[PDB]
Amino acid sequence: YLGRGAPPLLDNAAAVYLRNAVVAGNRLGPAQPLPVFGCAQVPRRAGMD
Amino acid sequence: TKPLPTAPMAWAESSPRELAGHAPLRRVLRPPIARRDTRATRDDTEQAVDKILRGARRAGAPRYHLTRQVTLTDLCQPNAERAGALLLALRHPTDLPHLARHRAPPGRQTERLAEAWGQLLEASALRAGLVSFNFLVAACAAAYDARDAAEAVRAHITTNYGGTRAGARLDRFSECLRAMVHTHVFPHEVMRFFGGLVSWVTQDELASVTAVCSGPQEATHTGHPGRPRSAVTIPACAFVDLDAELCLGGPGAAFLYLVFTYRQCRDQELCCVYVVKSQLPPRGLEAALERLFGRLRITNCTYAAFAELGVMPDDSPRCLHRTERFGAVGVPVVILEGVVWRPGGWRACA
Amino acid sequence: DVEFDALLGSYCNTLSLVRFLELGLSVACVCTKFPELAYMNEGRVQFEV
Amino acid sequence: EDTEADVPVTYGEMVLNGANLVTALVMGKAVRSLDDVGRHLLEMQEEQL
């Protein structure tokens, strides 16, 4: 879902259901939805080890 | 070094008038006020130390302002193009899918520019960078009146620029610019002038382009002491006089101008860049733009947009019309001579 | 304007010339040369033990 | 084996002075040391092989 430009499946409430069922609380997946031009970003980890 | 042409040879030293001030001030007198009433090298490097000493005793030459900017080489190339070409700087591109959504007239595609830019980062892969002028002609080559040299600028860029399928950028970056006309964010709101080439440093994917943001052209420290000389080269699709088209053959300083033209039709939109040499002031310029570019005004409520570029301070300005070889393709190239760069701001004409 | 091109240096080898008798492997040869051999058919050597 | 070494001091040099100059101005090319190659294309057109 960081990636962009794949055809979404047809029912929106079905597609917007997966994207929420995955990106939610993912260590990686986006914070703000895709900018139509640039790239999505990765949440900043409070600290690394 | 003490020649015997000493009528003008002393005046080439900058003189004897340096003592004009130095005599009654420094040579005389006690005033401020008095009272009333080991075989070859060294001397090889040793004269190099003396060359520092010959440069240290004293500190005509007009001033410059050189600028350098580290530039990714996707859309532009300082490599294929020699010293003495125009360059154009940009802004950041993720503002393009934002400003097109609110500046469009009602009844157009605001999601057109948002997709057209991502197809250029996905075509130049097969960030306020730079676009060179010669690259921009081949993109807008399909809108000109002299189309033969427009097909000659495109004839070398696909073969000489660093990258694979530069013609796929040329067909996509022009598709970006044809989307700029539709989505009403005009390309003069993006393109910023960057000075003429003097030198450039190459690396993987980025280049350190040096240019003159202000000043004369012909005497810059080009870097090569064998050739510290460069002239300004423009392809002949863009160079439009207004001395011949207005029958002004009277001598005087000519002004250089960058001009955009716009054409808004339903999915048939065009882009053209022109460099305009005129003897007209900027206050008396738009009346000439009304005369030549009224066909695009009737069919469209702006029609053109221009900015200042520089001044040829000659009493008779000097042009050339040659065919230079950039790589292996001869392009009809207009060469301007004795050009002094001074930029300026843009203009709207609704 | 003045510019020029250059050659800097030129480099050869020298073939090594090997005399065979230099080698310690010369021990294994008893070498006697016939000025005429190709005339000769089978030669032979005799032993008595 | 050993602590201190013996090292050359000065660099080397190449200067266009001599016949190797005139070419660069007129011809537009300069061989490294022409004053020998150019010379040894004369005697070696006579003396030895």
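Residues numbered from 1 in each chain as written, not as in the entry; some residues may be left out. Chains lettered and ligands numbered in written order. Part of a larger assembly, values for the part shown. Heavy atoms only, no water. Residues with missing side-chain atoms left out of burial classes, pairs and counts.

Chain D carries the name Major capsid protein in the PDB entry, which gives Human herpesvirus 2 as its organism.

### Observations concerning the arrangement of the chains
Rule in force here: The contact rule is simple, with two residues in contact once any of their heavy atoms fall within 4.5 Å.
Of all four pairs of chains that touch, the greatest number of contacts is found between chains C and D. Nothing in chain A touches chain C; the tightest C-alpha to C-alpha distance between them is still 47 Å. Between chain A and chain D there is no contact; the minimum C-alpha to C-alpha separation amounts to 46 Å.

### A few points about the sheet that holds strand β12 (residues 318-326) of chain B
Sheet strands associate in pairs through backbone hydrogen bonding, adopting either a parallel or an antiparallel arrangement. Residues and elements named next belong to chain B. Worth spelling out the cut-off: Paired strands are those between which DSSP finds at least two bridges. Strands are runs of DSSP state E lasting at least 2 residues, helices are runs of H or I lasting at least 4, and numbering of each runs from the N terminus. Between N-to-C directions, angles cover 0 to 180 degrees, with each direction set by a line fitted to C-alpha atoms, over the stretch in contact for helices.
In spatial order, the strands read β7-β13-β12; together these three strands make up an open sheet with antiparallel pairing. Because the sheet does not close on itself, it has two edges, and the strands there are β7 (232-235) and β12. Ignoring strand direction, the axes of neighbouring strands in this sheet form an average angle of 40°. Looking at chain direction, β7 and strand β13 (residues 329-337) are connected through four bridges and run antiparallel. Each residue of the ladder has a partner; that of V232, found in β13, is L336. Along the sheet face, helix α7 (residues 147-160) touches β7, β12 and β13 and points at about 110° away from the line of β13.

### Details of the interface of chain C and chain D
Interfaces are often sized by the amount of accessible area the parts lose when they come together. Rule in force here: Note on definitions: buried area is the accessible-area loss of two parts on being combined, 1.4 Å probe, summed for both. What makes a salt bridge here is a side-chain nitrogen of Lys or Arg within 4 Å of a carboxyl oxygen of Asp or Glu, nothing more. Counting of polar contacts relies on pairs of N or O atoms within 3.5 Å, with two restrictions inside protein: one atom must be capable of donating a hydrogen and the other of accepting it, and residues adjacent in sequence are counted only when both atoms are side-chain atoms.
Of the residues lining the interface, eight residues belong to chain C; the matching set on chain D comes to nine residues. Buried area between chain C and chain D, both sides added, is near 590 Å², and the carbon and sulfur share of it is 65%. On the chain C side of the contact with chain D, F4, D5 and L7 of chain C bury the most area, a combined 57% of that side's loss. At the surface where chain C touches chain D, the tally comes to zero salt bridges. Where chain C meets chain D, there are four residue pairs in polar contact.

### Overview of the state of the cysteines
Inclusion rule: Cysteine sulfurs are considered disulfide-paired once they come within 2.5 Å of each other. Whether a residue is buried, partly exposed or exposed follows from its accessible area with a 1.4 Å probe, protein chains only, as a fraction of its type maximum: under 20%, in between, or over 50%, in that order.
Applying the stated criterion to the full structure yields one disulfide over all chains. There is a disulfide in this structure between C140 of chain B and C271 of chain B, and the S-S distance comes to 2.0 Å. The sign of the -115° torsion about the S-S bond sets the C140 of chain B-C271 of chain B disulfide as left-handed. Remark: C271 of chain B occurs in strand β10 (residues 270-278) and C140 of chain B occurs in the loop between α6 (133-139) and α7; sequence separation between them is 131 residues. The pair formed by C140 of chain B and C271 of chain B is uniform in burial state, with each residue classed as buried. For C39 of chain A, which is in no disulfide, the shortest distance to another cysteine sulfur is to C176 of chain B and amounts to 15 Å. On the accessibility criterion, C39 of chain A (65% relative accessible area) is exposed. Lacking any disulfide linkage, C247 of chain B is separated from the closest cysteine sulfur, that of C319 of chain B, by 17 Å.

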